[PDB]
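Residue numbers (the authors' numbering), protein chains in the order written: chain A, 150 to 242, 257 to 284; chain B, 150 to 242, 257 to 279; chain C, 150 to 242, 257 to 286; chain D, 150 to 242, 257 to 286.
Take a look at the structure set out below.
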Amino acid sequence: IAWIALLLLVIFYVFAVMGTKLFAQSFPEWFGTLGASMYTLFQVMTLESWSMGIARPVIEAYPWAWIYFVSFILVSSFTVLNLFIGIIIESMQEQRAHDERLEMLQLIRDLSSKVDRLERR
Amino acid sequence: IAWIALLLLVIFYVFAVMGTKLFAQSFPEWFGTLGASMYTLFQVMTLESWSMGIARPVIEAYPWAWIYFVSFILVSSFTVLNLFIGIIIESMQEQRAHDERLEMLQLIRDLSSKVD
Amino acid sequence: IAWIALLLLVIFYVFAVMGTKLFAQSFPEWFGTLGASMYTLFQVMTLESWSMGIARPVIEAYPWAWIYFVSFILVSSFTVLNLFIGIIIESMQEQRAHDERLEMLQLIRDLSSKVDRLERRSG
Amino acid sequence: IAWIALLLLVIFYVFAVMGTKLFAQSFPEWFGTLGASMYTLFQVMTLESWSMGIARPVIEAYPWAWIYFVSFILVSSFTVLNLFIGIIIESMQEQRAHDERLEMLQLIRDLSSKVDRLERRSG
Ligand SMILES: [Ca+2]
Numbered sequence: 150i151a152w153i154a155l156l157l158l159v160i161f162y163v164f165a166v167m168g169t170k171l172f173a174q175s176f177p178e179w180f181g182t183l184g185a186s187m188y189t190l191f192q193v194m195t196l197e198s199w200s201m202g203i204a205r206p207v208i209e210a211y212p213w214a215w216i217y218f219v220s221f222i223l224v225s226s227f228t229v230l231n232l233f234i235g236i237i238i239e240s241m242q257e258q259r260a261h262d263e264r265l266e267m268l269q270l271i272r273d274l275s276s277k278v279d280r281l282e283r284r
Numbered sequence: 150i151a152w153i154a155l156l157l158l159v160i161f162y163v164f165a166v167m168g169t170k171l172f173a174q175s176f177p178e179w180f181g182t183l184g185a186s187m188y189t190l191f192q193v194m195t196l197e198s199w200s201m202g203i204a205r206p207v208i209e210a211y212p213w214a215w216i217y218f219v220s221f222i223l224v225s226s227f228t229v230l231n232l233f234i235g236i237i238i239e240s241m242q257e258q259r260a261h262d263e264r265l266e267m268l269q270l271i272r273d274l275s276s277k278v279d
Numbered sequence: 150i151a152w153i154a155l156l157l158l159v160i161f162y163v164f165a166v167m168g169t170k171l172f173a174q175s176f177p178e179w180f181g182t183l184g185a186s187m188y189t190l191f192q193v194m195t196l197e198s199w200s201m202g203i204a205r206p207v208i209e210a211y212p213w214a215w216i217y218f219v220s221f222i223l224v225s226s227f228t229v230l231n232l233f234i235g236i237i238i239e240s241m242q257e258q259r260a261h262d263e264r265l266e267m268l269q270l271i272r273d274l275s276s277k278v279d280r281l282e283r284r285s286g
Numbered sequence: 150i151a152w153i154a155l156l157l158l159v160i161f162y163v164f165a166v167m168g169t170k171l172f173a174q175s176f177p178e179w180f181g182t183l184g185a186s187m188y189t190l191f192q193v194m195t196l197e198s199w200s201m202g203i204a205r206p207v208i209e210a211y212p213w214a215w216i217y218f219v220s221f222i223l224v225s226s227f228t229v230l231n232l233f234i235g236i237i238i239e240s241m242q257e258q259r260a261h262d263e264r265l266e267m268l269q270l271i272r273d274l275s276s277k278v279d280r281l282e283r284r285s286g
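The structure is reproduced here in structure tokens:
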């Protein structure tokens with residue numbers, strides 16, 4: 150589970166600062182600082198007015214961003230789907260048989276040499 | 150399952166009355182009484198126009214609410230995720260191999276003690 | 150699974166015609182006929198502008214409806230949650260190892276009798 | 150899992166070009182080219198302002214689109230539900260131990276023949 154939440158809370162951080170690089174000059178509403186690039190991306194993440202409210206409007210300026218928004222969403226929904234489903238899995242549902264065998268082998272090397280040793284005789 | 154729905158339907162109640170303390174000064178639309186602080190939070194909970202419709206606007210006035218909304222949502226989605234997943238779990242839900264080998268070993272010590 | 154989709158596609162039908170009784174007076178946009186009471190409820194079901202777009206506005210007129218919308222949503226999301234989860238359940242819910264071993268045993272009863280042979284008939 | 154993502158990323162492609170046939174006359178905002186028929190459908194797929202923002206407005210012109218939007222959504226949500234649930238299934242519900264045993268067997272055929280190799284050593 151929470152071995153993905155590090156990935157995610159860097160993705161969040163990663164994308165945010167591109168958006169703050171790109172947009173703050175013309176959408177300081179949403180992207181002037183991390184302080185709301187987070188909010189924004191949090192909201193984008195959430196799928197309330199991501200396109201019509203944020204993106205379509207971002208894109209009237211920068212078609213550069215078309216993907217920023219589609220990309221972020223796919224990834225965001227995946228790396229949550231991935232973590233979300235890693236709590237149905239890691240909530241609901257072998258090397259004491261390498262230790263069984265890899266001495267059961269040492270038991271047959273012991274026998275094959277305690278037979279080979281009973282051979283010279 | 151429903152041992153969480155008590156927690157949830159207090160969280161709902163909890164957050165609502167802060168919001169009615171805070172906002173039902175300047176957003177009596179949404180937060181003047183519980184009567185729509187519930188609705189509002191229900192809608193916030195639901196993620197239809199939570200930010201753009203409610204929060205961003207709440208926050209144009211009070212930036213201390215910034216978190217109220219983000220906090221509520223995280224918790225809300227969790228304590229539903231927790232209860233939701235407590236109905237996949239609370240709806241749905257060997258030594259033979261070791262025995263086969265750990266006497267197959269005792270069979271080869273038996274054989275290897277075939278000695279003079 | 151589909152023993153609930155009858156319940157659901159009656160709930161849909163049920164609620165719609167109350168809404169068409171109630172509202173297709175004053176919200177014939179959304180509730181004038183089933184033809185968009187369905188759409189509307191489908192959209193309400195979907196949680197795009199259910200409140201701000203449909204309900205808060207329905208309710209400026211009829212506070213009667215406050216619940217219509219909250220009630221429908223709870224039930225709707227449930228009787229889908231119920232059917233949705235009835236396709237994780239009604240979709241979902257070590258032999259070669261016992262054939263490896265249970266002749267590897269027959270190989271060692273073979274050896275312990277191919278030695279019971281020849282220690283004994285050697286010396 | 151990804152044997153459905155081909156179906157889906159054709160459904161996406163399929164519907165888009167009907168929408169571009171139909172609408173990129175009168176809704177070139179959303180449907181003038183694939184370049185935003187995709188976006189649009191992506192956004193429709195996502196359920197942000199699909200009805201109120203896109204469809205209800207598409208349909209003020211063409212009521213034959215009524216279904217285009219309801220149909221796409223049902224299918225879209227299904228063929229994602231189908232693929233989504235194909236990663237709970239194909240995630241939830257051992258050949259360095261067929262190489263352990265199937266030479267540990269070849270070790271006991273070796274021994275049973277290096278014992279039967281003083282069995283032929285009486286004859
Ligand atoms: Ca929405």
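Yeah, the Cβ is synthetic: ideal placement off N, Cα and C, and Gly gets one too.
May I ask you to check if the CB of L190 of chain B is nearer than 7 Å to at least one heavy atom of ligand 1? no
Starting from the C-beta of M187 of chain D, find all residues in its chain whose C-beta is less than 8 Å away, skip the five residues before and the five after it, and write them out in chain order. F161 and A165
Residue ranges of each alpha helix (DSSP H) within the stretch 175–212 of chain D, 4 or longer: 177–180, 183–195 and 205–208
Neighbourhood of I203 of chain C by C-beta distance below 7 Å, restricted to the same chain and skipping five residues each side: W179, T189 and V193
Close Cβ partners of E239 of chain A (< 6 Å) along its chain, the five nearest in sequence each way excluded: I150
Quick check on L274 of chain C: buried or exposed, where buried means 16 or more other Cβ atoms within 10 Å of its Cβ? buried
Contact list for the stretch 191–209 of chain D against chain C, Cβ threshold 7 Å: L196, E197, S198, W199, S200 and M201
Nearest to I222 of chain C by CA position, among C:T195, C:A210, C:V207 and C:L156, is which residue? C:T195
With a threshold of 8 Å between beta carbons, is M241 of chain C in contact with chain D? yes
What do you reckon, is the C-beta of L196 of chain B under 7 Å from a heavy atom of ligand 1? yes
Counting only beta-carbon separations shorter than 8 Å, does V278 of chain A have a partner in chain D? yes
With a threshold of 8 Å between beta-carbons, can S225 of chain A be considered close to chain D, or not? no
What residues in its chain sit with their C-beta under 6 Å from that of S225 of chain B, if we drop five residues either side in the sequence? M194
Helix, strand or coil at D279 of chain B according to DSSP, with G and I counted as helix: coil
With a cut-off of 8 Å on the beta carbons, I'd call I208 of chain A and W215 of chain A a contact; round off their distance for me. 5 Å
Once DSSP output is grouped into helix, strand and coil, what is the label at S225 of chain B? helix
Report yes or no: is there a C-beta of chain D within less than 8 Å of the C-beta of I153 of chain C? no
Hey, would you say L171 of chain B sits closer than 8 Å to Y211 of chain B, going by beta carbons? yes
For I234 of chain B versus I153 of chain A, is the C-beta distance shorter than 8 Å? no
To the nearest angstrom, report how far apart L270 of chain D and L268 of chain A are at their CA atoms. 9 Å
Taking its Cβ as the centre, do 16 or more other Cβ atoms sit within 10 Å of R272 of chain D, making it buried, or is it exposed? exposed
Quick check on the DSSP output: the alpha helix (DSSP H) that includes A260 of chain D runs from which residue to which? Looking at the DSSP string, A260 of chain D is not in any alpha helix (DSSP H), and its letter there is neither H nor E.
What residue range does the alpha helix (DSSP H) around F161 of chain C cover? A154 to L171
Under a Cβ-count criterion, where at least 16 other Cβ atoms within 10 Å of its own Cβ denotes burial, should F218 of chain D be classed as buried or exposed? buried
Under a CB-based cut-off of 8 Å, is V229 of chain C close to chain B? no
Distance, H261 of chain B Cα to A260 of chain A Cα: 8 Å
Relative to the C-alpha of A185 of chain C, which candidate in D:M201, D:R280, D:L230 and D:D279 has its C-alpha closest? D:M201
Can you pull the chain C neighbours of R264 of chain D, defined as C-beta to C-beta under 9 Å? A260, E263, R264 and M267
Would a check of beta-carbon distances place residue 122 of chain C closer than 8 Å to chain B? Residue 122 of chain C cannot be examined here, being either before or after the span of chain C that is shown, 150 to 286.
Round the Cβ separation of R284 of chain C and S285 of chain D to the nearest angstrom and send it over; I've been treating them as touching at under 8 Å. 7 Å
For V166 of chain B, decide whether its Cβ has a neighbour in chain A, counting only Cβ atoms nearer than 8 Å. no
Considering only their Cβ atoms, is the gap separating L157 of chain A from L232 of chain A smaller than 8 Å? yes
Output yes or no for whether 8 Å exceeds the beta carbon distance between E197 of chain D and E197 of chain A. yes
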